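Trainee: Sharing a structure with you now.
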Amino acid sequence: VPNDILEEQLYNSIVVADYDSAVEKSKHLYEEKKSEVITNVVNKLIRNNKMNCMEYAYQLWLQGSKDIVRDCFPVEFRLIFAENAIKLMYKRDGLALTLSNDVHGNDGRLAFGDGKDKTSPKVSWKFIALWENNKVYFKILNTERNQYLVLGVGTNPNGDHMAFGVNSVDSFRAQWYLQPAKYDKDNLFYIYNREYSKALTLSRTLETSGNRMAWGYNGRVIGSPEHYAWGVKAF
Ligand SMILES: [K+]
Ligand SMILES: [K+]
Ligand SMILES: [Pt+2]
Ligand SMILES: [Pt+2]
Ligand SMILES: [Pt+2]
């Protein structure tokens, strides 16, 4: 009955990944003008970087509670789940993710943060959610190219994987999962590869074009969303 215990009960169902319980508890709160409880749960999930926040939102979305997602989460959730054209902006550098024009053979086009363009159709992507085994994963489609962001099999001397945009998806290498974070008033996301569980990042090495190559990073990112996380802007 009191709001804090309703908040705890909601948070706890999501923590244990009982999303059907989270959804039902949420539709109840929402119908009763207790969006406060729901918003507070999301804020809490996000402060603690709980990945399960993503599955919660997606289940609300699939179970006819798109309103809750729109009204009680960071705008980025609606942007992600409505598959709106968005820009992927790396917080550390304020560069937009894009693809090259020429191909890298079978791996496809090279993915990088562009030194100059953060506004043309080139920098436009969409998230395409999918559900498997109680998780939400995303394909990340370059809209100008109709190519999917992927990690290549190869690694650098650090064990980092190059990122590319390719035609097909018979590999978890083309799938990603998200973990929300905060920094100031900014909601951000670590974007991890399903195959390698490495976070999508931009290289600290600058190309002379001002471009920075995109990589699945072999290292710890957590705790530092201002260096390793992404923001999602309406395009
Ligand atoms: K169910
Ligand atoms: K009630
Ligand atoms: Pt209210
Ligand atoms: Pt190549
Ligand atoms: Pt390059």
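Trainee: Could you check how many residues of the stretch 32-65 are under 20 Å from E132 (Cα atoms) and either assigned to a helix (DSSP H, G or I) or within 16 Å of ligand 5 (Cβ to nearest atom) (or both)?
Mentor: Total meeting the criteria: 11.
Trainee: Something else about it: Condition test on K25, is it over 30 Å from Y148 (Cα atoms), within 16 Å of ligand 2 (Cβ to nearest atom), among the charged types (D, E, K, R) and outside the structural domain of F138 (by CATH)?
Mentor: Yes, satisfied.
Trainee: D18 versus (1) more than 16 Å from ligand 2 (Cβ to nearest atom); (2) closer than 24 Å to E132 by Cα; (3) in contact (Cβ under 8 Å) with a residue 24 or more places away in the chain: which is the lone unmet condition?
Mentor: (3)
Rundown of residues vs (1) aromatic (F, W, Y); (2) more than 19 Å from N193 (Cβ to Cβ); (3) in contact with a helix residue (DSSP H, G or I) (Cβ under 9 Å, 6 or more places away or on another chain), yes/no style:
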{"site": "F77", "(1), (2), (3)": "yes, yes, yes"}
{"site": "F81", "(1), (2), (3)": "yes, yes, yes"}
{"site": "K135", "(1), (2), (3)": "no, no, yes"}
{"site": "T143", "(1), (2), (3)": "no, yes, yes"}
{"site": "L151", "(1), (2), (3)": "no, no, yes"}
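Trainee: Further, regarding this structure: Kindly provide the set of residues from the stretch 30-63 that are within 14 Å of ligand 3 (Cβ to nearest atom) and surrounded by fewer than 21 Cβ atoms within 10 Å (Cβ to Cβ), ordered by number.
Mentor: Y30, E31, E32, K33, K34, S35, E36, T39, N40, listed by residue number.
Trainee: If I filter the stretch 66-89 down to residues being within 23 Å of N133 (Cα to Cα) and surrounded by fewer than 16 Cβ atoms within 10 Å (Cβ to Cβ), which single residue comes out as farthest from the chain's Cα centre (by Cα)?
Mentor: Among them, the one singled out is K66.
Trainee: Scan the strands (runs of 3 or more DSSP E) fully inside the stretch 119-221 and keep the ones with 1 or more residues being within 30 Å of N43 (Cβ to Cβ) and basic (K, R).
Mentor: 125-132, 135-142, 176-183
Trainee: Further, regarding this structure: Does any residue in the stretch 205-230 that is touching a residue at least 24 places away in the same chain (Cβ under 8 Å) come within less than 8 Å, Cβ to Cβ, of a residue that is assigned to a loop (DSSP other than H, G, I, E, B) and hydroxyl-bearing (S, T, Y) six or more places away or on a different chain, and which pairs are these?
Mentor: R212/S203; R212/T205; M213/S203; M213/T205; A214/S203; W215/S203; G216/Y196
Trainee: Suppose we keep only residues that are without any contact (Cβ under 8 Å) to a residue 60 or more places away in the chain and surrounded by fewer than 22 Cβ atoms within 10 Å (Cβ to Cβ) within the stretch 107-122. Which one would you say is nearest to ligand 5 (Cβ to nearest atom)?
Mentor: Taking the candidates together, the pick is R109.
All of this is worked out from the model, or read from it or from the source named; no laboratory read-out is quoted. Positions of Cβ are backbone-derived with ideal geometry, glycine not excepted, and every protein chain shown enters the neighbour counts.
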